[PDB]
Amino acid sequence: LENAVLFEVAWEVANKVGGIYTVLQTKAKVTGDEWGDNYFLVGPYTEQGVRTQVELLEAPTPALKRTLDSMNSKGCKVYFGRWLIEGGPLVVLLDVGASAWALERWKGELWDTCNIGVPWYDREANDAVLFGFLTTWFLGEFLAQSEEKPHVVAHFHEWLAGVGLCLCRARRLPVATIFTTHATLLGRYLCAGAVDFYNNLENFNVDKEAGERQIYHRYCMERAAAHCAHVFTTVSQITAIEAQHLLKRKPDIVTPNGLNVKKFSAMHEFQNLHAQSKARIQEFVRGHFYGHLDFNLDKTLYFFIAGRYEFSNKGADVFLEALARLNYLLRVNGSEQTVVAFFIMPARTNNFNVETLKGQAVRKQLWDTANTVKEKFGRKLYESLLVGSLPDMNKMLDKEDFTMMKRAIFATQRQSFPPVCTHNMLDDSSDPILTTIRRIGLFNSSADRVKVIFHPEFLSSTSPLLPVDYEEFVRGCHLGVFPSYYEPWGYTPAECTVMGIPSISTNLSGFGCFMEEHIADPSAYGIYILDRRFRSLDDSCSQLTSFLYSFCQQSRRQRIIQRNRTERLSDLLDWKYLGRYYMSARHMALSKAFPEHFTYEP
Amino acid sequence: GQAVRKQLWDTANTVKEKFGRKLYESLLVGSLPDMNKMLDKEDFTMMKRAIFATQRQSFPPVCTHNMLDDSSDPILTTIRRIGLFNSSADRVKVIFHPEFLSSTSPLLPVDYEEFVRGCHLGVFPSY
Amino acid sequence: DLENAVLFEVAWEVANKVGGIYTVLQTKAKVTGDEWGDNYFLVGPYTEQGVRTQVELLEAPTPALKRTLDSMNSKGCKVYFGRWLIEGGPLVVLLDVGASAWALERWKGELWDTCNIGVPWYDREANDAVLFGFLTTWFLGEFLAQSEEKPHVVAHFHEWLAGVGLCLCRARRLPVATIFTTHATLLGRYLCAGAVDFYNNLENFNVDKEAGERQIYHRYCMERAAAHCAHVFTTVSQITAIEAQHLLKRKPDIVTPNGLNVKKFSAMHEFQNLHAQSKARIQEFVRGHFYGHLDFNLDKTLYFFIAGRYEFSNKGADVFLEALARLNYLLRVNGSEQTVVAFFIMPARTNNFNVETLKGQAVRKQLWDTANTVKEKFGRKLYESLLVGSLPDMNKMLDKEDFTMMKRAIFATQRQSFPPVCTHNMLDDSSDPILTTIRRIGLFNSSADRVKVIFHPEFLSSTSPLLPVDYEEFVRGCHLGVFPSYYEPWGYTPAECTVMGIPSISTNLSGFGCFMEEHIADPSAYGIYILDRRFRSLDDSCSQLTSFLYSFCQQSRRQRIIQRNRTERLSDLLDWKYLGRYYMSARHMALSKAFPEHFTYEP
Ligand SMILES: O=P(O)(O)OC[C@H]1O[C@H](O)[C@H](O)[C@@H](O)[C@@H]1O
Ligand SMILES: O=P(O)(O)OC[C@H]1O[C@H](O)[C@H](O)[C@@H](O)[C@@H]1O
C-alpha cells in the first residue's frame, strides 16, 4: 500500500542452478506491478551469469547510488544490474570477492548472535553466510541512508539465504521478513533414509536426524530463519505439514510456485500441437518396434513420467508395478488398447543402443522404399490421367517395385524382442528402473499390451533418436503419470497441467495437494490424485491401475473433452492466480513487523 | 491447359500420398500392398472427375498468346492454310510462342539457351 | 401414437434428383426409419436413369403387399416396388409415369367430376403429376382394400406434383389420414418479383386473379384443394406459414422445418481444423487472383460467402452489394487494417475462364517456383554448412544468380491494371445483374478499396483450374456467410452454413432466420445475425446489414473463434434429430383428427 522498497533474496538469482531460478523467472512479471519498480532481487554474482542474464545499469534514486557506492567500499562487491528476463527485474548482484572481510569477522558475530557455526569442509556453507552478511549490509545501509525509510520486506528463498534472515533482524533493522522454503532441507534426506517419512513426520527426532547426516549446520540455518521470520511460507500444503512437525514453524501462508502459461490465439492450439507431436512419437514407436508392429497405433496411448533420476522420490517404483497389472487387465480382457509408457529420466549413458538406432534407420528405409515406388506410381498416374484413363491399379507397380517392396519387408523383419532402453547404459544391471522392468516381465513383447521405453536422457530437438523437445513431447503423450513420495512441488506434473495433457498427481506431491484444495472435482477435471499418505505401497499401486484403466477404457471423444478440461486449470497454475498468495505474504509481514502504518487486512 | 496439367499433378500427388501412407503402414506392418484396395472410392472419384475436367472438344491451339493482328500475322495465316490445327490426325503440331521465352513466364518457364538444348533439332531455313 | 399405422411419403423428388425436396426426403429417411420402423414407404415417379443409381429392386415382405403390387400392375397400371439405396433404406413404390395410355384422358375426366380441376395439355409435368396422383390413390386404395382390418394410413404429400393425388384419397373417402408439406409456395415464387412488397401485401393479393395472370391457375388450384383436402397442412417455414395463411388460405397446423444430417467429427473442433486448411486454399487463391497488388495483410483478412441459384432479388445479392459499398467507406474513413474479400458463388452462363485470373494463378506459381529454386539452393548450401560445423553466413547463402532469379520474378509479378472482379468470362457481362451493380457501387478490386469482390460465376469444384476446392470445403474456409434474402422459403444455403462452424447472417423473410428467432432467444450472441426485412425498407435493411458486417469486422481473432464454436452448438437444432420432432407432431396430429377413437388427440 504505502510506497516501499522490497528485496527478493535467493541464491538462484542470476545463477541458474536449481528450480528456484525457474520460480523467480516468471514471478518477476506479476511482482513487477504489485510493487512496481520499487522491488529488487538480491542475488550472488557470477561472471558467467552476467554475460547471459545481467545487464548493468545505474541507480535511479540518489540514496540507492550512495548505498551501492558504500557497498563498493570496505572490501565488499556490488554489481547493480537489470535481469534480461521478462518483467524488468532490477538485480543486486553481490560477489563472493568480499570473502576476505565479511566471512572471518562476522562468523564470530554470527556465533555471538545466532550461535551457529560453519564447517570449513562444506563449500556453499561458507558462501551462504557471506551472502547472508552482504544482504544485511545492503538492507542496513538502505534503512540508514534513506531518511524516513518506508516499511521494508526481505523476501528470503532457500537455506542459502536463510542465514541473512536472522542477521537482518539481529541488527534490529526495521524490516519485515518472509522465508519461502521451496523444499525442506532435512526432508530430502529423511525421505529415503527414514521409512514412512510422511507417517513419522511428527515422531522424527528433529535435532538427532540432522546430526546423523552431518547437515546440522544447515538445518540450524534453515530453522532460526523460520523462527526469525514474522511470515513463514511454504510452496506446498504438504510441505506445510513437513514444516509443522520438523522445522517446527507453521507456515503463515501457502504460496504455491506458479508457471507463466503460454496463451495461444486459438484455445485448441494445444490440441493441434497434440496431433503434430503425437505423429512424431508415432514415427518413433513405428521405428523402435519394426517387424513387431502388430499393434494398432491409431488406438495406442502414451504415458509420460519425467524428472530427476530418483526411483523412490519421483515414484517410478509405483508406476512400474502398476503397468505390470495394467498388462494383465488389458490382456485377460479382450482389448485392442496398447499403451506405450515413456520413462524420460536422465542417467549415465555411454552411447545409443544399437537396435533402437538401427530401428529408426530402417524406419526411414521403409519410408525411402515407400517414396521411390510412390513416385513411380505418381508418374504412372500423372501420365495416365493426362491420357484420359483411370489407373489400371494392377499395372501401376512393376515387377521391380514388388521386388523392392518384397526386400524392404525382408530386411525389416526381426526375431529379437525390441529393446527396453533407448541408450546403452554403463550400469545396466545396477539401474533401478531396468532391474524392475525385467522383474515385472515387460520385455516389449507381442503378447504384452504395455511396452516400456526408457529414454535415459533429457529429450532434445537435436537428437538422433526422438528429435523432439521436452515441451513438445509432453503435448504428444495422452497422459502424464507422476506418482511421487517426496515432491515439495511438482514442477513436472504441473507443467503437464499447464498444457492440455491430464496428469496423475499424488497426495504427497505439492501439486496434488493444491488441486485437492482449490478445485473440488479431482478426476472429473482430469487431474487424478493418488492417496499415498493414508495408504500402503500396494494399495497405492492398485489405485494407480484403477486410474490408468479408467483412462484406457475412455473413448477417443471422452479423451479430448478431458484434455479440454485440463486446459481450464492452467489459469489456476498461472502466476496471475498463484502470485496472489505471495502478495498476501508480503502484506502480512509488513503488518506483523510494523502495524500502525500498514493495515494488516487479516 | 497449363493449370489443368498442375491440377492433374495435384490430384496425382494427393492420392499418391494417400497411396504412400497406406503403403508405409503396409510395409511397416509387414505386408506387400494389395494394389487394388490401395485407392478408395474417394480417390477413384477424384481421379474420375479430374479426367472429366481434362476432356476438351476444341483442338489444342496453334499460338500460345493472343495476338492484336491474328489474321494479318504471316505465320498464323500460313498455318490455317496448310491445315495443321494441332489435330489428333496430324502427326505434326505447330505451337507458335508470339514472344521470347523467359524463365519468369507463366507458361513455358524456360529461357532461350535452355530451350534450344531441349529441342531435338533446330531447323533454320533462310534467305 | 406410432402403433398400428402406415405412412406413405409421396413426392415427385423421390428417386428423381430434380429439386431440393429430394435432399429433404433423403435426409428425413433415417429419423423416420425407426419412428414407424420398416412399415413406412415412399411413393415416387419412376425413371430408368434414377434406378441405376438409387433404386435396388426387392420383393414384398408382407403377402398383402404382393397382392396390392400385383393387382395394380395387372389392371393397366405400372409399379416397381424396391428399396431406395439412400441411408435409412426407405422402401420406394416407384410408379411409372410413362404409363399414360388411358388415365391421361379417362382419369382426368374423372378428376373433373370430383375436383373440377382441368389440366392444360401444353404443360408437361401437369399431365405427369395427375397420372402420378391417380397411381398413388390406386396403391393406397388397394392397400386399404386387400389388407383385412387395415391400420390407419398417413399419406404424407410433398409438393404440388403430388398435391392432386391428395384430394383423390379424400374423394374416394378411403380411410386415410393426410399430410401436405409444401416446401415452397408455388404462387409465392412468381409473386415475389412480379408483385412489389410481396410480404407487405401478402394479405391484399387477389388469390385467384394473380394465379390466372401468369397461367399457373391449374397448379395453384392443384396446390390449394390439396390444402383444403388435408387434415394436417404443413409448411417448412413459419414465414411460409404466413404465406399460406394469406395465399393458400390455410393456417399451417404445424411448422416442420427441413433438416440436414450433420457430419459430426470425433473432435468437436475438427471443423476449426478444417477451417484453417480451407482458409489456406482460399489464401492461395487470393494470392493468385491479386498479384503484384498484394499490399493487404492477409492475416487480418476476412471472407464473406454468398451462394445459391442466380437470383439477384430472391437470394438478396442487391442488399449485400450496396452494404459492402458502405463497408468500403467505414473501413477506409476509419484507420483500419481489416480487408474483406467477399465471394459470390452463384452459377451463371459462362463461355470460359479469364486470361488475368488464370495468369495471376500462374504467376503465383512462378513466385512459388522461383522461391522453391532459391530455397533448395538455400537448403543444399545450408546442409553442407551445418555438416562443416558453421552457422549459415546468411549474406553468402544466396549467390548473385539467385538474386537475379528473384529480381526477375519480382519484375514479372507486376501489373498496373487492378485485379478482375469476376473469375470467368461471361457471355452477357453488361446484362449480368451482379457485375452491373459492382461497377456502379465502385469496387473494382482497387488498392484503396478495403473490400474486394470476387464473383466466381460457376459452382466450386475440386477439379477446377482456378480455385480447386469443393463447395462444402469452401464454406468452412470463409469466416462469415452472409445470406440476405427476400424469398427463401427455407434457406439451405444459410442452413448448411450453420451446420458447419461458420456463422451466417440470415433474414426475417428467410425460413431459417424465422426458425432461429423462434427456437433460440439470443440472435447475434449465438452467431446467427438476423436481418429485419419484413418491417424495414431496402435502405434500412442494407444499413442493418452494414452494422452487422462491421460488428464482425471489428471482432478480434479470439472472439471470432468463440462465435464459431457457438455456431457449432446450433447444428443439433438443425439436425433431423431436433427438426424431425415436428413432422412427428404432424403425423400424430393427423391420425387423431381423421380417426379419433384409435389414436389419442395428442394436443
Ligand atoms: O489423442 P486421441 O484421443 O487419440 O485423439 C486424436 C485427436 O487429437 C486431436 O484432438 C486432433 O486435433 C485430432 O485430429 C485427433 O483426431
Ligand atoms: O479464422 P481466424 O479468426 O483468422 O483465426 C484463425 C485460426 O483458425 C482456427 O481456429 C485454427 O485452428 C487456428 O490455427 C487459426 O489461428
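We number chain C the way Swiss-Prot does; in order, the residues shown are 23-625.
Even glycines carry a Cβ here, placed using N, Cα and C.
Per Swiss-Prot, the features are:
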| type | residues | note |
| --- | --- | --- |
| BINDING | C:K39, C:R331, C:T515 | UDP binding site |
| BINDING | C:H205, C:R211, C:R331, C:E510, C:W512, C:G513 | UDP-alpha-D-glucose binding site |
| BINDING | C:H291, C:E292, C:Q294, C:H297, C:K301, C:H501, C:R582, C:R586 | alpha-D-glucose 6-phosphate binding site |
| MOD_RES | C:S412 | phosphoserine |
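Among the binding-site residues C:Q294, C:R331, C:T515, the residues whose Cβ lies under 6 Å from any atom of ligand 2 are, in sequence order, C:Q294. Note on proximity: among C:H205, C:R211, C:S412, C:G513, the recorded positions of the record, the Cα nearest C:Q294 (alpha-D-glucose 6-phosphate binding site) is that of C:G513. Looking only at Cα atoms, C:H297 (alpha-D-glucose 6-phosphate binding site) sits nearest to C:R331 among the binding-site residues C:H205, C:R331, C:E510.
Largest Cα-to-Cα span within the UDP-binding set C:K39, C:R331, C:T515: 18 Å. Proximity to chain A (Cβ-Cβ under 8 A) holds for C:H291 out of the binding-site residues C:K39, C:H205, C:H291, C:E292. Taking every pair among C:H205, C:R211, C:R331, C:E510, C:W512, C:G513, the residues recorded as binding UDP-alpha-D-glucose, the greatest CA to CA distance is 16 Å.
Summary: among the binding-site residues (C:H297, C:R331, C:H501, C:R582), the fewest other C-beta atoms within 10 A of the C-beta are counted at C:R331. Each of C:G42, C:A206, C:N336, C:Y509, C:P511, C:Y514, C:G533 belongs to the same chain as C:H205, C:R211, C:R331, C:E510, C:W512, C:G513, is absent from that list, and has a C-beta within 8 angstroms of the C-beta centroid marking the UDP-alpha-D-glucose site.
Cα separation, C:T515 (UDP binding site) to C:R582 (alpha-D-glucose 6-phosphate binding site), rounded: 21 Å.
Of the residues the record lists as binding alpha-D-glucose 6-phosphate, namely C:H291, C:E292, C:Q294, C:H297, C:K301, C:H501, C:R582, C:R586, the two whose Cα atoms sit farthest apart are 16 Å from each other.
Here the recorded positions are C:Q294, C:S412, C:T515, and the one with the most other Cβ atoms within 10 Å of its Cβ is C:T515. For the binding-site residues shown (C:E292, C:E510), fewest C-beta neighbours within 10 angstroms: C:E292. In this structure the alpha carbons, written CA, of C:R331 (UDP binding site) and C:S412 (phosphoserine) are 61 Å apart.
Among the binding-site residues listed (C:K39, C:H291, C:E292), C:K39 has its Cα nearest to the Cα of C:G513 (UDP-alpha-D-glucose binding site). Less than 8 angstroms from the CB of C:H291 (alpha-D-glucose 6-phosphate binding site) sit C:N587, each of them six or more residues away in the same chain. DSSP assigns C:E292 (alpha-D-glucose 6-phosphate binding site) to a helix. Here the candidates are the binding-site residues C:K39, C:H501, C:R582. The one whose C-alpha lies nearest to that of C:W512 (UDP-alpha-D-glucose binding site) is C:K39.
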